[PDB]
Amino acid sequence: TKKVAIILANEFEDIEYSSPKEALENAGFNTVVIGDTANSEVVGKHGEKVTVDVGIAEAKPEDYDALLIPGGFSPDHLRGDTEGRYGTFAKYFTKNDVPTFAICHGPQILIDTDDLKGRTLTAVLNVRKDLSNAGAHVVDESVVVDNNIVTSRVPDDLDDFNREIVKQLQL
């Protein structure tokens, strides 16, 4: 059975957690929330409460078949980790070509892998310049697939995003 790590801090955009989670689960995959502390609670921009399953210190990235990075201000919070642990975690996925799904601000964490040069991604407008400065080829499309990396921009893109992330796990 295949399972997806979702990295999550406070002030995630609620629907960018719940909608991809539901799409993945509907296709028969399971999801695990990775955050600062196991059994702590993180709260979305619009109040959705999510319990963290596994702490970032304990998580083994090789256990997971894909990584999902919801947007909102959750990725900016994750990037405040003093030891940079979420960028390091994400680096397993980009280095080993494991399916990697990020929507809106989500691709901010991918900058911290240093693995973006020459990769093709989209994101929310707010972060596109930072992605381009990280070396990516940045485009403006509802969903972009570059081998293992699937990116989208905004919550309106979720239907396209959810279709592609599920396909990529079927491989």
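The first residue of the shown sequence is 1; numbering continues from there.
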| query | finding |
| --- | --- |
| 1 to 9 or 162 to 170, whichever carries the higher mean Cα B-factor | 162 to 170 |
| Average Cα temperature factor in the PDB entry - higher stretch of 136 to 144, 61 to 69 | 136 to 144 |
| B-factor third for the C-alpha atom of residue 119 within its chain | highest |
| Within-chain third of residue 83 by Cα B-factor, per the entry | highest |
| Entry-reported Cα temperature factor of residue 47, expressed as the chain third it lands in | highest |
| Residue 55, C-alpha B-factor rank within chain (lowest, middle or highest third) | middle |
| B-factor third for the C-alpha atom of residue 95 within its chain | highest |
